[PDB]
Amino acid sequence: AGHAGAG
Amino acid sequence: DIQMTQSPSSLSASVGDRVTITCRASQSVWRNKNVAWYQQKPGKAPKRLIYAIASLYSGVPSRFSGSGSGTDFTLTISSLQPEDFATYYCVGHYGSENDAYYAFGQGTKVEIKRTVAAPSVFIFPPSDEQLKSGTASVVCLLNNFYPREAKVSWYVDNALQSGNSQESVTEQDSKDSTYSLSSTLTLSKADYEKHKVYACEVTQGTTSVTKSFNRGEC
Amino acid sequence: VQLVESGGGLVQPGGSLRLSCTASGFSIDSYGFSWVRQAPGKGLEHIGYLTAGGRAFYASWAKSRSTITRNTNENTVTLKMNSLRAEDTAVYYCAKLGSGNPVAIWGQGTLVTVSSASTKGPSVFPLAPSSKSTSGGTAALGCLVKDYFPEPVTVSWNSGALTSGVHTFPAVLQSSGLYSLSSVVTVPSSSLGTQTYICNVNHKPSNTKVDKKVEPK
């Protein structure tokens with residue numbers, strides 16, 4: 001995704 | 001945990017020079033792509049110039065460019081301009097699917113090299129309004145000079161003052177790259193009225209300039 | 001698309017800060033938002049990140065004292081930090097940092113001063129130009145803004161219509177614990193009899209504004 005931590 | 005180290009911490013360059021600022025990441029960034037470059041001018045909020053390592057934001061002049069790979073990134077100003085005086089920060093994004101972090105570099109101040117310019121020196125007596133409250137502030141203004149280093153001394157009836165003045169300096173002007181400086185001499189009203197000649201002396205290199213006034217004459 | 005920031009200002013040591021940013025033109029739930037701070041004259045420091053999915057991750061130094069939440073109903077994101085010390089005095093920003101995506105939004109920033117001193121409005125005094133120039137056609141004038149707390153004061157000239165040659169110096173901390181600064185402008189001396197010069201001093205922490213006409217002599 002565009003950023004980390006999204007799952 | 002995560003660190004980004006910029007280099008140099010500061011630099012001085014002339015108008016038209018090519019400026020390179022590097023930023024070194026302690027780990028791999030998210031997708032090896034989430035690195036942005038920010039620019040902060042005096043008294044302003046940070047403005048983003050580059051994102052995704054090398055993408056130029058539409059509001060930013062094209063003389064800015066980004067590059068790099070892995071954990072070493074580079075911001076490049078192809079032709080330095082006076083309005084480019086600022087502190088520059090890299091910012092990286094890190095983590096996993098269950099971790100998200102950002103880290104800033106410590107910043108790189110970009111100073112503008114420029115020809116020497118002698119200051120216009122103004123001296124202000126305390127206003128009658130301030131004297132009504134028992135305190136006298138005498139202000140000496142050094143306007144639009146370069147370089148930064150300058151020695152400012154106060155004299156009250158030819159007596160050198162010490163410990164009763166404070167100085168404030170602007171950062172480089174975004175148009176002509178000069179500095180300005182104020183020096184404020186704080187006396188009590190009783191002290192101010194006991195003396196006649198007030199003078200501020202500015203020394204730069206081989207030149208000294210002294211501006212003075214006599215209390216109670218205009 | 002805007003992100004308006006609110007809260008902060010003067011906080012006592014051991015107290016807490018609460019800062020909010022209200023999105024306008026979009027919904028807070030659609031982007032991840034960081035909180036960043038910058039102590040006076042220092043660099044930028046990341047506090048924590050709230051993903052678009054609503055998960056909060058904090059930097060190590062901030063984990064034990066910081067909480068970042070968001071209210072989808074009010075369309076706001078919020079930072080809370082407790083056990084404040086003087087080392088926490090800084091300008092705080094909410095921001096989608098745009099590290100690898102074209103979208104980036106920042107709040108205007110708000111200075112949080114951690115101190116036990118009380119608020120005090122400024123005294124403004126004129127730095128009057130002499131009626132006859134002594135600097136070859138150029139005359140200097142300004143306003144001395146003295147004895148206020150906390151920061152900041154903003155200064156403009158003629159309500160922002162005069163910006164050329166204006167120098168608003170950084171505040172200096174006096175031995176009294178109060179701040180002081182000067183704002184000066186160089187103008188043509190032939191304009192001294194024609195043009196009105198008014199400094200506009202705004203000290204929001206004390207809800208005080210001062211407009212002073214600086215006249216010759």
# chains A, B, ... in the order shown; residues from 1 in each chain; ligands from 1
$ closest_atom_pairs --of "chain C" --to "chain A" --cutoff "12 Å" --atoms "only C-alpha atoms" --output "JSON lines"
{"residue": "C:31", "atom": "CA", "partner": "A:3", "partner_atom": "CA", "distance": 9.9}
{"residue": "C:32", "atom": "CA", "partner": "A:3", "partner_atom": "CA", "distance": 8.3}
{"residue": "C:33", "atom": "CA", "partner": "A:3", "partner_atom": "CA", "distance": 11.0}
{"residue": "C:49", "atom": "CA", "partner": "A:5", "partner_atom": "CA", "distance": 9.6}
{"residue": "C:50", "atom": "CA", "partner": "A:5", "partner_atom": "CA", "distance": 9.3}
{"residue": "C:51", "atom": "CA", "partner": "A:6", "partner_atom": "CA", "distance": 6.7}
{"residue": "C:52", "atom": "CA", "partner": "A:6", "partner_atom": "CA", "distance": 7.5}
{"residue": "C:53", "atom": "CA", "partner": "A:6", "partner_atom": "CA", "distance": 6.3}
{"residue": "C:54", "atom": "CA", "partner": "A:6", "partner_atom": "CA", "distance": 8.8}
{"residue": "C:55", "atom": "CA", "partner": "A:5", "partner_atom": "CA", "distance": 7.6}
{"residue": "C:56", "atom": "CA", "partner": "A:5", "partner_atom": "CA", "distance": 9.1}
{"residue": "C:57", "atom": "CA", "partner": "A:5", "partner_atom": "CA", "distance": 8.5}
{"residue": "C:58", "atom": "CA", "partner": "A:5", "partner_atom": "CA", "distance": 11.9}
{"residue": "C:96", "atom": "CA", "partner": "A:3", "partner_atom": "CA", "distance": 11.0}
{"residue": "C:97", "atom": "CA", "partner": "A:3", "partner_atom": "CA", "distance": 10.7}
{"residue": "C:98", "atom": "CA", "partner": "A:3", "partner_atom": "CA", "distance": 9.5}
{"residue": "C:99", "atom": "CA", "partner": "A:3", "partner_atom": "CA", "distance": 8.8}
{"residue": "C:100", "atom": "CA", "partner": "A:2", "partner_atom": "CA", "distance": 7.0}
{"residue": "C:101", "atom": "CA", "partner": "A:2", "partner_atom": "CA", "distance": 6.8}
{"residue": "C:102", "atom": "CA", "partner": "A:2", "partner_atom": "CA", "distance": 10.3}
{"residue": "C:103", "atom": "CA", "partner": "A:2", "partner_atom": "CA", "distance": 10.8}
$ write_last_selection --atoms "N, CA, C and O atoms" --output "short mmCIF file (atom, residue, chain, number, x, y, z; two decimals), in the first residue's frame"
data_model
loop_
_atom_site.label_atom_id
_atom_site.label_comp_id
_atom_site.auth_asym_id
_atom_site.auth_seq_id
_atom_site.Cartn_x
_atom_site.Cartn_y
_atom_site.Cartn_z
N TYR C 31 -6.98 9.60 5.19
CA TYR C 31 -5.53 9.69 5.14
C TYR C 31 -4.94 9.35 6.50
O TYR C 31 -5.59 9.47 7.53
N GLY C 32 -3.68 8.91 6.47
CA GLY C 32 -2.91 8.79 7.69
C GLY C 32 -2.28 10.12 8.06
O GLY C 32 -1.79 10.86 7.20
N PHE C 33 -2.27 10.42 9.36
CA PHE C 33 -1.81 11.71 9.86
C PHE C 33 -0.74 11.52 10.92
O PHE C 33 -0.90 10.72 11.84
N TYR C 49 2.13 8.45 14.44
CA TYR C 49 1.43 8.32 13.17
C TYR C 49 0.16 7.51 13.36
O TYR C 49 0.19 6.41 13.92
N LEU C 50 -0.96 8.06 12.90
CA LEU C 50 -2.25 7.39 12.92
C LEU C 50 -2.61 7.03 11.48
O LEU C 50 -2.94 7.90 10.68
N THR C 51 -2.52 5.74 11.16
CA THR C 51 -2.78 5.28 9.80
C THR C 51 -4.21 5.61 9.38
O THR C 51 -5.07 5.97 10.19
N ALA C 52 -4.46 5.49 8.07
CA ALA C 52 -5.81 5.70 7.56
C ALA C 52 -6.79 4.69 8.15
O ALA C 52 -7.97 5.00 8.33
N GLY C 53 -6.31 3.49 8.48
CA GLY C 53 -7.11 2.46 9.10
C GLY C 53 -7.34 2.63 10.58
O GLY C 53 -8.08 1.84 11.17
N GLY C 54 -6.73 3.63 11.20
CA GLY C 54 -6.99 3.95 12.59
C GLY C 54 -6.02 3.38 13.61
O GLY C 54 -6.33 3.41 14.80
N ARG C 55 -4.87 2.87 13.18
CA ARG C 55 -3.88 2.34 14.10
C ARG C 55 -2.86 3.41 14.45
O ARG C 55 -2.40 4.16 13.58
N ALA C 56 -2.49 3.47 15.72
CA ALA C 56 -1.58 4.49 16.24
C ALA C 56 -0.23 3.86 16.56
O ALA C 56 -0.16 2.88 17.31
N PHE C 57 0.83 4.43 15.99
CA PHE C 57 2.20 4.03 16.29
C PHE C 57 2.99 5.26 16.69
O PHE C 57 2.88 6.31 16.05
N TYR C 58 3.77 5.14 17.75
CA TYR C 58 4.49 6.26 18.33
C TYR C 58 5.99 6.04 18.26
O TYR C 58 6.46 4.90 18.29
N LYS C 96 -0.27 15.13 7.14
CA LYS C 96 -0.03 14.01 6.24
C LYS C 96 1.27 14.31 5.50
O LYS C 96 1.32 15.21 4.66
N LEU C 97 2.32 13.55 5.81
CA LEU C 97 3.67 13.95 5.43
C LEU C 97 3.98 13.75 3.95
O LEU C 97 4.92 14.38 3.44
N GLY C 98 3.22 12.92 3.25
CA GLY C 98 3.45 12.72 1.82
C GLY C 98 4.84 12.22 1.50
O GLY C 98 5.50 12.74 0.59
N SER C 99 5.32 11.21 2.24
CA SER C 99 6.67 10.71 2.03
C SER C 99 6.81 9.99 0.70
O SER C 99 7.88 10.03 0.08
N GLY C 100 5.75 9.33 0.23
CA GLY C 100 5.82 8.61 -1.02
C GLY C 100 4.56 8.71 -1.86
O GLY C 100 4.32 7.87 -2.73
N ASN C 101 3.74 9.73 -1.60
CA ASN C 101 2.47 9.90 -2.29
C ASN C 101 2.27 11.38 -2.59
O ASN C 101 2.77 12.24 -1.85
N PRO C 102 1.53 11.71 -3.65
CA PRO C 102 1.44 13.12 -4.08
C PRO C 102 0.68 14.02 -3.11
O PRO C 102 0.76 15.24 -3.25
N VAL C 103 -0.05 13.46 -2.15
CA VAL C 103 -0.89 14.26 -1.26
C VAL C 103 -0.11 14.59 0.01
O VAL C 103 0.47 13.70 0.64
#
$ select_by_dssp --residues "region 130-195 of chain C" --states "strand (DSSP E)" --output "NGL selection string"
:C and (138-148 or 154-157 or 166-168 or 172-173 or 179-188)
$ residues_around --residues "residue 40 (chain C)" --least-positions-apart "4" --cutoff "9 Å" --atoms "only C-alpha atoms" --output "JSON, numbers by chain"
{"C": [89, 90, 91]}
$ write_last_selection --atoms "N, CA and C atoms" --output "short mmCIF file (atom, residue, chain, number, x, y, z; two decimals), in the first residue's frame"
data_model
loop_
_atom_site.label_atom_id
_atom_site.label_comp_id
_atom_site.auth_asym_id
_atom_site.auth_seq_id
_atom_site.Cartn_x
_atom_site.Cartn_y
_atom_site.Cartn_z
N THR C 89 8.39 22.37 25.09
CA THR C 89 8.02 23.62 24.43
C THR C 89 8.45 23.57 22.97
N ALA C 90 7.48 23.69 22.06
CA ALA C 90 7.77 23.55 20.64
C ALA C 90 6.56 23.99 19.83
N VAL C 91 6.77 24.15 18.53
CA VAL C 91 5.68 24.31 17.58
C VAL C 91 5.23 22.92 17.16
#
$ residues_around --residues "residue 6 (chain C)" --least-positions-apart "6" --cutoff "12 Å" --atoms "only C-alpha atoms" --output "list in words"
residues 17, 18, 19, 20, 21, 22, 23, 76, 77, 78, 79, 92, 93, 94, 107, 108, 109, 110, 111 and 112 of chain C
$ closest_atom_pairs --of "chain B" --to "chain C" --cutoff "6 Å" --atoms "only C-alpha atoms" --output "Markdown table"
| residue | atom | partner | partner_atom | distance |
| --- | --- | --- | --- | --- |
| B:34 | CA | C:100 | CA | 4.0 |
| B:35 | CA | C:99 | CA | 5.0 |
| B:36 | CA | C:99 | CA | 4.7 |
| B:51 | CA | C:100 | CA | 5.3 |
| B:52 | CA | C:100 | CA | 4.0 |
| B:106 | CA | C:43 | CA | 5.7 |
| B:170 | CA | C:169 | CA | 5.8 |
$ residues_around --residues "residue 41 (chain B)" --least-positions-apart "3" --cutoff "9 Å" --atoms "only C-alpha atoms" --output "list in words"
residues 44, 45, 46, 47, 83, 84, 85, 86, 87, 88 and 174 of chain B
$ atom_distance --atom1 "CA of residue 18 (chain B)" --atom2 "CA of residue 38 (chain C)"
28.4 Å
$ residues_around --residues "residue 180 (chain B)" --least-positions-apart "2" --cutoff "12 Å" --atoms "only C-alpha atoms" --output "ChimeraX atom specification"
/B:117-122,140-150,167-173,176-178,182-183 /C:165-170,182-186
$ residues_around --residues "region 63-74 of chain B" --least-positions-apart "4" --cutoff "9 Å" --atoms "only C-alpha atoms" --output "ChimeraX atom specification"
/B:20-29,32-33,35-37,49-56,78-80,90
$ interface_residues --of "chain B" --to "chain A" --cutoff "10 Å" --atoms "only C-alpha atoms" --output "JSON, numbers by chain"
{"B": [29, 30, 31, 33, 34, 93, 94, 95, 96, 97, 98, 99, 100, 101]}
$ write_last_selection --atoms "N, CA and C atoms" --output "PDB file, in the first residue's frame"
ATOM      1  N   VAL B  29      13.715   1.999   3.617  1.00  0.00           N
ATOM      2  CA  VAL B  29      12.460   2.724   3.750  1.00  0.00           C
ATOM      3  C   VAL B  29      11.323   1.904   3.148  1.00  0.00           C
ATOM      4  N   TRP B  30      10.096   2.329   3.437  1.00  0.00           N
ATOM      5  CA  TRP B  30       8.917   1.602   2.980  1.00  0.00           C
ATOM      6  C   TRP B  30       8.880   1.545   1.459  1.00  0.00           C
ATOM      7  N   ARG B  31       8.885   0.326   0.919  1.00  0.00           N
ATOM      8  CA  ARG B  31       8.884   0.069  -0.521  1.00  0.00           C
ATOM      9  C   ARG B  31      10.098   0.668  -1.222  1.00  0.00           C
ATOM     10  N   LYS B  33      10.926   3.613  -1.327  1.00  0.00           N
ATOM     11  CA  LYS B  33      10.405   4.760  -2.068  1.00  0.00           C
ATOM     12  C   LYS B  33       9.920   5.918  -1.206  1.00  0.00           C
ATOM     13  N   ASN B  34       9.480   5.691   0.031  1.00  0.00           N
ATOM     14  CA  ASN B  34       8.854   6.749   0.825  1.00  0.00           C
ATOM     15  C   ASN B  34       9.933   7.604   1.487  1.00  0.00           C
ATOM     16  N   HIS B  93       9.904   7.132   5.668  1.00  0.00           N
ATOM     17  CA  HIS B  93       8.828   6.316   6.211  1.00  0.00           C
ATOM     18  C   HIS B  93       9.310   4.878   6.348  1.00  0.00           C
ATOM     19  N   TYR B  94       8.980   4.253   7.475  1.00  0.00           N
ATOM     20  CA  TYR B  94       9.519   2.944   7.809  1.00  0.00           C
ATOM     21  C   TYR B  94       8.438   2.083   8.442  1.00  0.00           C
ATOM     22  N   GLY B  95       8.719   0.783   8.522  1.00  0.00           N
ATOM     23  CA  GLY B  95       7.899  -0.150   9.260  1.00  0.00           C
ATOM     24  C   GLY B  95       7.564  -1.372   8.438  1.00  0.00           C
ATOM     25  N   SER B  96       6.596  -2.136   8.933  1.00  0.00           N
ATOM     26  CA  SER B  96       6.126  -3.339   8.259  1.00  0.00           C
ATOM     27  C   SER B  96       4.616  -3.210   8.079  1.00  0.00           C
ATOM     28  N   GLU B  97       3.942  -4.347   7.896  1.00  0.00           N
ATOM     29  CA  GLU B  97       2.485  -4.338   7.839  1.00  0.00           C
ATOM     30  C   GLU B  97       1.863  -4.033   9.195  1.00  0.00           C
ATOM     31  N   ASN B  98       2.627  -4.173  10.281  1.00  0.00           N
ATOM     32  CA  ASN B  98       2.141  -3.906  11.629  1.00  0.00           C
ATOM     33  C   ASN B  98       3.036  -2.900  12.344  1.00  0.00           C
ATOM     34  N   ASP B  99       3.701  -2.031  11.586  1.00  0.00           N
ATOM     35  CA  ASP B  99       4.592  -1.021  12.138  1.00  0.00           C
ATOM     36  C   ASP B  99       4.667   0.144  11.164  1.00  0.00           C
ATOM     37  N   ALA B 100       4.605   1.364  11.696  1.00  0.00           N
ATOM     38  CA  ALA B 100       4.646   2.575  10.882  1.00  0.00           C
ATOM     39  C   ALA B 100       5.391   3.658  11.644  1.00  0.00           C
ATOM     40  N   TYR B 101       6.481   4.157  11.062  1.00  0.00           N
ATOM     41  CA  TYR B 101       7.296   5.179  11.702  1.00  0.00           C
ATOM     42  C   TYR B 101       7.773   6.190  10.668  1.00  0.00           C
TER      43      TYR B 101
END
$ select_by_dssp --residues "region 42-214 of chain B" --states "helix (DSSP H, G or I)" --output "PyMOL selection string"
chain B and resi 82-84+128-131+189-193
$ write_last_selection --atoms "C-alpha atoms" --output "tab-separated table (two decimals), in the first residue's frame"
chain	number	residue	atom	x	y	z
B	82	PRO	CA	18.73	33.81	-2.99
B	83	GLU	CA	15.21	32.68	-2.08
B	84	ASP	CA	16.63	29.16	-1.61
B	128	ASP	CA	8.85	59.98	25.63
B	129	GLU	CA	6.09	57.42	26.21
B	130	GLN	CA	8.52	54.82	27.57
B	131	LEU	CA	10.25	57.37	29.82
B	189	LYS	CA	15.05	56.53	33.34
B	190	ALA	CA	17.14	58.00	36.16
B	191	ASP	CA	20.33	56.69	34.53
B	192	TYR	CA	19.31	57.87	31.05
B	193	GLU	CA	18.62	61.42	32.29
$ atom_distance --atom1 "CA of residue 156 (chain B)" --atom2 "CA of residue 184 (chain B)"
13.2 Å
$ atom_distance --atom1 "CA of residue 164 (chain B)" --atom2 "CA of residue 187 (chain B)"
7.4 Å
$ decode --residues "chain A" --atoms "C-alpha atoms" --output "PDB file, in the first residue's frame"
ATOM      1  CA  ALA A   1       0.000   0.000   0.000  1.00  0.00           C
ATOM      2  CA  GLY A   2       0.917   3.685   0.086  1.00  0.00           C
ATOM      3  CA  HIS A   3       2.035   3.472   3.692  1.00  0.00           C
ATOM      4  CA  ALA A   4       3.148   0.857   6.182  1.00  0.00           C
ATOM      5  CA  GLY A   5       1.073  -0.412   9.098  1.00  0.00           C
ATOM      6  CA  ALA A   6      -2.123  -0.773   7.047  1.00  0.00           C
ATOM      7  CA  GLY A   7      -2.274  -4.460   8.018  1.00  0.00           C
TER       8      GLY A   7
END
